[PDB]
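Beneath this line is the structure, given in structure tokens, with notes to follow.
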Amino acid sequence: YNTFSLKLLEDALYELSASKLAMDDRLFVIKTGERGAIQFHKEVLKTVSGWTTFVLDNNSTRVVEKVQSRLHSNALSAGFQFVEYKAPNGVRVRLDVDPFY
Amino acid sequence: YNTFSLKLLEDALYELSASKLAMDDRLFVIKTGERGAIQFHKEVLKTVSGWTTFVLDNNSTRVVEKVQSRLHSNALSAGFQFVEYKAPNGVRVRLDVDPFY
Amino acid sequence: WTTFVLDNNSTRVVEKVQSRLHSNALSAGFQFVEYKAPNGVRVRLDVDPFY
Amino acid sequence: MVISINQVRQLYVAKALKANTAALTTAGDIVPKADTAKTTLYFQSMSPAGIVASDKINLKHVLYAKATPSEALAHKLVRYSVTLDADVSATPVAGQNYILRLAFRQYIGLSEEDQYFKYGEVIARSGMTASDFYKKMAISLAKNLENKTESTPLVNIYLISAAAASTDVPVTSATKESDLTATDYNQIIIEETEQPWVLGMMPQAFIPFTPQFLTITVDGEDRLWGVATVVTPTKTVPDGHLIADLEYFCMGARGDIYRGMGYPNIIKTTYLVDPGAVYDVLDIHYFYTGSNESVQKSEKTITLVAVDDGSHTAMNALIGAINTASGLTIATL
Amino acid sequence: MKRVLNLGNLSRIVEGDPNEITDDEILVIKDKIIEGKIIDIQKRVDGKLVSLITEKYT
Amino acid sequence: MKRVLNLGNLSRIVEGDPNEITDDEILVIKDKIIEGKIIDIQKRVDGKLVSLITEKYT
Numbered sequence: 304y305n306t307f308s309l310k311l312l313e314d315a316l317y318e319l320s321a322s323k324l325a326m327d328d329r330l331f332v333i334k335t336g337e338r339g340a341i342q343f344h345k346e347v348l349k350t351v352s353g354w355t356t357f358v359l360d361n362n363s364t365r366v367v368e369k370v371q372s373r374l375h376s377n378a379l380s381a382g383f384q385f386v387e388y389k390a391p392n393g394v395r396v397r398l399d400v401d402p403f404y
Numbered sequence: 304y305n306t307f308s309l310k311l312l313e314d315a316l317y318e319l320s321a322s323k324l325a326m327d328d329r330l331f332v333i334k335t336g337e338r339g340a341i342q343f344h345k346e347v348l349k350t351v352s353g354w355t356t357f358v359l360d361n362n363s364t365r366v367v368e369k370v371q372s373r374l375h376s377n378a379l380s381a382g383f384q385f386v387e388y389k390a391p392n393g394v395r396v397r398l399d400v401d402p403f404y
Numbered sequence: 354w355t356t357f358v359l360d361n362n363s364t365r366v367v368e369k370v371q372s373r374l375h376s377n378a379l380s381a382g383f384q385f386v387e388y389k390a391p392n393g394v395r396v397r398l399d400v401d402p403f404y
Numbered sequence: 001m002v003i004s005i006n007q008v009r010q011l012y013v014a015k016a017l018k019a020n021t022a023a024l025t026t027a028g029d030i031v032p033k034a035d036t037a038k039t040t041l042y043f044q045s046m047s048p049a050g051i052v053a054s055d056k057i058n059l060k061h062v063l064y065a066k067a068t069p070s071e072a073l074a075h076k077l078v079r080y081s082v083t084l085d086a087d088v089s090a091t092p093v094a095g096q097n098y099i100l101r102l103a104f105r106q107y108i109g110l111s112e113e114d115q116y117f118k119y120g121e122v123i124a125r126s127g128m129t130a131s132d133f134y135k136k137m138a139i140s141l142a143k144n145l146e147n148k149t150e151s152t153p154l155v156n157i158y159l160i161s162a163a164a165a166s167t168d169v170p171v172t173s174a175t176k177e178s179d180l181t182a183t184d185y186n187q188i189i190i191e192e193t194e195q196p197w198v199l200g201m202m203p204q205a206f207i208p209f210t211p212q213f214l215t216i217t218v219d220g221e222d223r224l225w226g227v228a229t230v231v232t233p234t235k236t237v238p239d240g241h242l243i244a245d246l247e248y249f250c251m252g253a254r255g256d257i258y259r260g261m262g263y264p265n266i267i268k269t270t271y272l273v274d275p276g277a278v279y280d281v282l283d284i285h286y287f288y289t290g291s292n293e294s295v296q297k298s299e300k301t302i303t304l305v306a307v308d309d310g311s312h313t314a315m316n317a318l319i320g321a322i323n324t325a326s327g328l329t330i331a332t333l
Numbered sequence: 001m002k003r004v005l006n007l008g009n010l011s012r013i014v015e016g017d018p019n020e021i022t023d024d025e026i027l028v029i030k031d032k033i034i035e036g037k038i039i040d041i042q043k044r045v046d047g048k049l050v051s052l053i054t055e056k057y058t
Numbered sequence: 001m002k003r004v005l006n007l008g009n010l011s012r013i014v015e016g017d018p019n020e021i022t023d024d025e026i027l028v029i030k031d032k033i034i035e036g037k038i039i040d041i042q043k044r045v046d047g048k049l050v051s052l053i054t055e056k057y058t
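For the record, the sequence lines run as chains C, B, E, c, k and j.
Just so we're aligned: the first sequence equals residues 304 to 404 in the entry's author numbering.
Just so we're aligned: the second sequence equals residues 304 to 404 in the entry's author numbering.
Just so we're aligned: the third sequence equals residues 354 to 404 in the entry's author numbering.
Just so we're aligned: the fourth sequence equals residues 1 to 333 in the entry's author numbering.
Just so we're aligned: the fifth sequence equals residues 1 to 58 in the entry's author numbering.
Just so we're aligned: the sixth sequence equals residues 1 to 58 in the entry's author numbering.
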């Protein structure tokens with residue numbers, strides 16, 4: 304590939320899984336480098352940003368969190384990362400960032 | 304059909320149910336392939352999109368959930384599938400994916 | 354971050370107080386003193402008066 | 001190439017034609033022998049190890065005798081012509097990723113369940129042209145299908161310039177958009193490629209494919225950009241590799257079935273078919289029926305293969321011989 | 001009298017850069033001449049911004 | 001780039017009859033002849049239901 308997408312590997316993973324795997328055994332533990340883990344996060348995000356039928360409350364995602372500080376009594380954090388995806392029919396996706404990459 | 308409409312199917316199943324079935328005994332299992340399950344998911348999704356009165360929150364649906372990793376502390380997963388539609392007067396619609404399809 | 358929706362239930366940027374003027378007394382205010390970036394890169398802040 | 005037999009099949013290479021049992025000097029020389037009272041037919045062939053004759057054919061118990069040309073056995077390679085749908089959009093979309101999918105049907109294993117998918121991805125850009133998109137798509141497929149690390153050849157991919165309209169521009173994994181200097185590219189051809197071959201171990205097979213597309217948002221709706229179409233083939237795998245396995249098979253009826261089992265302790269069989277040639281084939285189906293109760297038929301086949309010089313001279317001469325000696329009529333091809 | 005759209009699609013109605021809005025966001029433009037008017041509402045169609053309001057003619 | 005209104009004031013963007021639109025809610029008139037386009041955004045001021053889009057001519 305030259306341009307990477309989640310549509311791309313979601314299709315690849317599923318076609319392989321439909322042809323070759325059963326629904327329960329379609330978990331895929333990808334091995335990659337940090338710079339692909341961020342590419343993954345970006346694309347998973349770009350995909351979720353189109354989920355307008357759902358409102359992602361922070362009480363469940365906790366992208367923003369309450370932290371102790373001396374600067375304020377309600378001191379807040381911010382930050383999240385997408386490390387998985389669940390395509391239909393049991394297709395899962397999990398990462399293992401190995402420095403060898 | 305050319306384009307699967309759950310609006311068409313919802314009417315057909317209820318009209319048949321009203322004329323022929325009790326309130327119970329209205330579970331309409333559907334045998335289909337894996338791609339039909341995708342079509343079902345899409346159409347159920349597109350209908351709950353017109354429920355502008357209601358608000359789908361991730362605290363109950365859990366389309367985005369928290370997973371433990373080593374790249375981030377607020378590490379997130381994503382994904383969901385629509386498998387069932389419950390229509391007026393006990394007209395359920397369940398899926399039974401058969402590899403034979 | 355238009356994707357996510359920030360609710361007071363988890364941030365408590367508008368808190369409830371034991372006042373004398375009302376039974377539902379509110380207090381507002383929040384500060385972002387921290388940021389978590391991908392792959393462990395977490396930036397705490399320290400405020401030193403020397404600066 | 002194990003095949004099905006109607007209780008037997010036998011093959012004789014007609015390298016030459018001699019007109020007398022005396023003139024059988026070298027291997028591959030063959031003569032049709034039938035008495036004046038045309039009741040029997042057989043062939044005296046010269047083997048690597050001496051003269052030899054074929055089973056006698058009762059001209060009354062012959063079922064069908066037909067000659068098949070070389071082109072009849074030449075597998076035309078299936079080639080598609082994939083373009084983008086002028087209905088969705090006659091041009092690429094500004095910021096869409098077009099992911100073309102080639103699902104391969106009979107991969108390593110025999111079954112249709114042995115599937116294999118290869119992709120070509122192209123993210124379009126504002127100002128991008130159709131020709132430029134075909135360029136990039138073909139190049140992506142090259143890197144994925146015409147690479148050197150692939151275990152087995154899968155497909156050939158080409159490009160066509162509207163100016164040419166028939167010439168196909170090869171696009172290999174070494175090619176680059178600097179080498180593809182044109183602006184009137186109409187389509188992307190994806191052709192079927194010949195798989196490997198081994199005598200008696202790997203029969204002449206192919207792996208077929210259909211091009212599938214993924215869906216792009218064109219205004220606000222997921223739609224497919226491409227239309228895959230089958231156009232007339234222009235390449236053909238020649239007959240040489242089929243006849244060779246046919247001989248490697250049909251000579252175990254006239255001889256050693258332990259082709260190589262027992263490695264030091266074996267009996268090697270010299271063959272007369274060069275897989276780098278093109279043979280025309282001739283098959284005769286016939287049977288033997290017994291006497292007063294043994295009426296059950298024993299259908300049998302005797303096949304003769306001769307090289308084609310382009311006009312079917314060897315076989316047509318062989319046909320004239322068998323027809324003038326047997327009274328048959330085998331419809332010279 | 002239902003909401004024209006759900007909140008997950010209304011949440012993405014934003015105000016600011018025309019370059020930074022994704023395909024998932026609706027862009028509003030507060031008129032600068034008048035104090036409480038709107039001048040255009042836009043969302044990305046094919047990477048380009050187009051007005052949702054139908055154009056009027058005489 | 002940021003959101004244009006608190007979701008409380010965006011949840012009151014409705015699709016219905018001009019005669020039932022009070023204040024604390026904005027009205028959208030979808031277009032029929034065209035599928036996705038909109039006709040007008042409306043907001044009541046003094047009993048009258050006025051538009052927020054500025055008229056644009058040639």
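All residues carry an ideal CB built from backbone N, CA and C; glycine is no exception.
Quiz item: Could one say the Cβ of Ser380(B) lies closer than 9 Å to chain E's Cβ atoms, at least one of them?
Solution: Taking the first residue of the second sequence as 1, we reach residue 380(B) at position 77. Taking Cβ atoms only, chain E never reaches closer than 9 Å to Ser380(B), which makes this a no.
Quiz item: Using 9 Å as the limit for Cβ to Cβ distance, is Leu272(c) near chain C?
Solution: The residue given as residue 272(c) occupies position 272 in the fourth sequence. Not a single CB atom of chain C sits nearer than 9 Å to the CB of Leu272(c).
Quiz item: Thinking C-beta only, is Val366(C) closer than 9 Å to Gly353(C)?
Solution: Numbered from 1 along the first sequence, position 50 holds the residue referred to as residue 353(C). Numbered from 1 along the first sequence, position 63 holds the residue referred to as residue 366(C). If you check the CB distance, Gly353(C) and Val366(C) do not come in under 9 Å.
Quiz item: With a CB to CB cut of under 7 Å and the five nearest residues on each side skipped, what residues in its chain are close to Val231(c)?
Solution: As a first step, residue 231(c) must be located in the fourth sequence, where it is residue number 231. If the five residues before and after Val231(c) are omitted, its C-beta is found closer than 7 Å to the C-beta atoms of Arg79, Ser81, all from its own chain and listed in chain order.
Quiz item: Could you give the distance in angstroms between the alpha-carbon of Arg373(B) and the alpha-carbon of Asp399(C)?
Solution: The residue given as residue 373(B) occupies position 70 in the second sequence. The residue given as residue 399(C) occupies position 96 in the first sequence. Cα to Cα, the separation comes out at about 9 Å.
Exercise. Below 8 Å on the Cβ atoms is my guess for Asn377(C) versus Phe357(E); work out the distance and round it to an integer in Å.
Key: Stepping through the first sequence from its first residue, residue 377(C) is reached at position 74. Stepping through the third sequence from its first residue, residue 357(E) is reached at position 4. Taking the Cβ atoms as the reference, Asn377(C) lies roughly 18 Å from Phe357(E), outside the contact range of under 8 Å.
Practice problem: Taking residue 343(c) and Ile157(c) to be in contact with their CB atoms under 8 Å, please state how far apart those CB atoms are, rounded to whole angstroms. | Solution: Only positions 1 to 333 of chain c appear in the structure, and residue 343(c) is not among them; the question remains open.
Quiz item: In angstroms, rounded to a whole number, what distance separates the CA positions of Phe331(C) and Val386(C)?
Solution: To locate residue 331(C), count along the first sequence from 1; it is residue 28. To locate residue 386(C), count along the first sequence from 1; it is residue 83. Note on geometry: alpha-carbon atoms of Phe331(C) and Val386(C) lie some 12 Å from one another.
Quiz item: Does the Cβ-Cβ distance between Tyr286(c) and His61(c) come in under 9 Å?
Solution: The sequence position of residue 286(c) within the fourth sequence is 286, counting from 1. The sequence position of residue 61(c) within the fourth sequence is 61, counting from 1. Their beta carbons are under 9 Å apart, which means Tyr286(c) touches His61(c) by this criterion.
Exercise. With 9 Å as the C-beta to C-beta threshold (strictly closer), list the residues of the segment 360-372 of chain C near chain E in chain order.
Key: Against chain E - using a Cβ distance shorter than 9 Å - the residues of the segment 360-372 of chain C are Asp360, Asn361, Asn362, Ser363, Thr364, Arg365, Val366, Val367, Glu368, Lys369, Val370, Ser372.
Quiz item: With DSSP run on the structure shown, which of helix, strand or coil describes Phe383(E)?
Solution: One-based indexing of the third sequence puts residue 383(E) at position 30. DSSP places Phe383(E) in coil when its eight states are reduced to three.
Quiz prompt | Selection from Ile108(c), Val307(c), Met261(c) that minimises the alpha carbon distance to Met202(c) | solution = Residue 202(c) sits at position 202 when you count from the first residue of the fourth sequence. Ranking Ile108(c), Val307(c), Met261(c) by Cα distance to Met202(c) puts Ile108(c) first.
Exercise. Check each residue of the segment 109-130 of chain c: if its Cβ is closer than 9 Å to any Cβ of chain C, include it; give the result in chain order.
Key: Residues of the segment 109-130 of chain c with a Cβ closer than 9 Å to any Cβ of chain C, in chain order: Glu113, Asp114, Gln115, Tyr116, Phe117, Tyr119, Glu121, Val122, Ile123.
Quiz item: Would a C-beta distance cut-off of 9 Å place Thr83(c) and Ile139(c) closer than the cut-off?
Solution: To locate residue 83(c), count along the fourth sequence from 1; it is residue 83. To locate residue 139(c), count along the fourth sequence from 1; it is residue 139. Taking 9 Å as the Cβ cut-off, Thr83(c) and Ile139(c) do not qualify as a contacting pair.
Quiz item: By Cβ distance, which residues of its chain are closer than 6 Å to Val370(C), with the 5 residues on each side in sequence left out?
Solution: Taking the first residue of the first sequence as position 1, residue 370(C) is located at position 67. Excluding positions up to five away in sequence, the list reads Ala378, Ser380.
Quiz prompt | Among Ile267(c), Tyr248(c), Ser294(c), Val295(c), nearest to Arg9(c) - alpha-carbon criterion | solution = Translated into positions along the fourth sequence, residue 9(c) becomes position 9. Of the candidates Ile267(c), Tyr248(c), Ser294(c), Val295(c), the one whose C-alpha sits nearest the C-alpha of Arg9(c) is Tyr248(c).
Quiz item: Could you check where the beta strand (DSSP E) with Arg397(B) kicks off and where it finishes?
Solution: Sequence index remark: in the second sequence, residue 397(B) carries index 94 (1-based). It spans 394-400 - the beta strand (DSSP E) in which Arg397(B) sits, taken as one unbroken run.
Quiz item: Got a sec, what are the start and stop residues for the beta strand (DSSP E) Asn97(c) sits in?
Solution: As a first step, residue 97(c) must be located in the fourth sequence, where it is residue number 97. 97-104 is the extent of the beta strand (DSSP E) around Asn97(c).
Quiz item: In its own chain, which residues sit with a C-beta less than 8 Å from the C-beta of residue 374(c), not counting the 5 before and 5 after it?
Solution: A query on residue 374(c) cannot be resolved here, the shown segment of chain c reaching from 1 to 333 and no further.
Quiz item: If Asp280(c) sits next to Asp256(c), beta carbons under 8 Å apart, how far is it from one beta carbon to the other, in whole angstroms?
Solution: Start at 1 with the first residue of the fourth sequence, and residue 280(c) comes out as number 280. Start at 1 with the first residue of the fourth sequence, and residue 256(c) comes out as number 256. The C-beta distance from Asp280(c) to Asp256(c) rounds to 27 Å, too long to fall under 8 Å, and the pair is not in contact.
Quiz prompt | Cβ-based burial, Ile266(c) [other Cβ within 10 Å; buried from 16] | solution = Numbered from 1 along the fourth sequence, position 266 holds the residue referred to as residue 266(c). Exposed: under 16 other Cβ atoms inside 10 Å.
Quiz item: Quick one: is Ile13(k) buried, meaning 16 or more other Cβ sit within 10 Å of its Cβ, or exposed?
Solution: Residue mapping note: residue 13(k) aligns to position 13 of the fifth sequence, counting from 1. Buried, because 16 or more other Cβ atoms sit within 10 Å of the Cβ of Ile13(k).
Quiz item: If we cut at 9 Å on Cβ distances, does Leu348(C) have a partner in chain c?
Solution: Translated into the one-based positions of the first sequence, residue 348(C) becomes position 45. Closer than 9 Å: no.
Quiz item: So which residues of chain F does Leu7(k) contact, with C-beta pairs closer than 9 Å?
Solution: Going by chain labels, chain F is absent from the structure shown, which instead holds the protein chains C, B, E, c, k and j.
Quiz item: Rounded to a whole number of angstroms, what is the C-alpha to C-alpha distance between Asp401(C) and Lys389(C)?
Solution: Translated into positions along the first sequence, residue 401(C) becomes position 98. Translated into positions along the first sequence, residue 389(C) becomes position 86. Approximately 22 Å between the Cα atoms of the pair.
Quiz item: Along chain k, which residues have their Cβ under 7 Å away from the Cβ of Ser352(C)?
Solution: As a working mapping, residue 352(C) is identified with position 49 in the first sequence. Chain k residues near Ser352(C): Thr22, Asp24.
Quiz item: What separation, rounded to the nearest whole angstrom, lies between the Cα atoms of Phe104(c) and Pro208(c)?
Solution: The sequence position of residue 104(c) within the fourth sequence is 104, counting from 1. The sequence position of residue 208(c) within the fourth sequence is 208, counting from 1. One C-alpha to the other measures close to 6 Å.
Quiz prompt | Contact belief for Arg125(c) with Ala94(c) at Cβ below 8 Å, rounded distance in angstroms | solution = Start at 1 with the first residue of the fourth sequence, and residue 125(c) comes out as number 125. Start at 1 with the first residue of the fourth sequence, and residue 94(c) comes out as number 94. Contact between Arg125(c) and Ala94(c) holds, since their C-beta atoms are separated by about 7 Å, short of 8 Å.
Practice problem: Consult DSSP for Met326(C) and reduce its assignment to one of helix, strand or coil. | Solution: Against the first sequence, residue 326(C) aligns to sequence position 23. Of the three classes helix, strand and coil, the one that applies to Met326(C) here is helix, per DSSP.
Quiz prompt | Close-in-space but distant-in-sequence residues of the same chain around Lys300(c) (CB under 6 Å, 5 per side omitted) | solution = Here residue 300(c) refers to the residue found at position 300 of the fourth sequence. Counting only Cβ-Cβ distances below 6 Å, and skipping sequence neighbours, we find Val8, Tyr286.
Exercise. State yes or no: is the beta carbon of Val358(E) nearer than 9 Å to at least one beta carbon in chain k?
Key: Position 5 of the third sequence, counted from the first residue, corresponds to residue 358(E). Cβ-Cβ to chain k under 9 Å: yes for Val358(E).
Quiz item: Any Cβ of chain C within less than 9 Å of the Cβ of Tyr404(E)?
Solution: The residue labelled residue 404(E) in the question sits at position 51 within the third sequence. For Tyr404(E), the answer is no, since every Cβ of chain C falls outside 9 Å of its Cβ.
Quiz item: First and last residue of the alpha helix (DSSP H) that includes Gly327(c)?
Solution: By 1-based counting over the fourth sequence, the position of residue 327(c) is 327. Here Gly327(c) belongs to no alpha helix (DSSP H), and DSSP marks it neither H nor E.
Exercise. With a cut-off of 8 Å on the beta carbons, I'd call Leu282(c) and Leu304(c) a contact; round off their distance for me.
Key: The count along the fourth sequence starts at 1 and reaches residue 282(c) at position 282. The count along the fourth sequence starts at 1 and reaches residue 304(c) at position 304. Yes, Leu282(c) and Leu304(c) are in contact; Cβ-Cβ is about 5 Å, under 8 Å.
Self-check item: Beta-ladder partner(s) of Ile29(j), from DSSP
Solution: Along the sixth sequence, read from residue 1 onward, the residue named residue 29(j) stands at position 29. Note: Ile29(j) sits in a beta bridge opposite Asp40(j).
Self-check item: Residues that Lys2(k) contacts on chain B, provided the C-beta gap is smaller than 8 Å
Solution: The count along the fifth sequence starts at 1 and reaches residue 2(k) at position 2. Residues of chain B passing the Cβ test: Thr355, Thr356.
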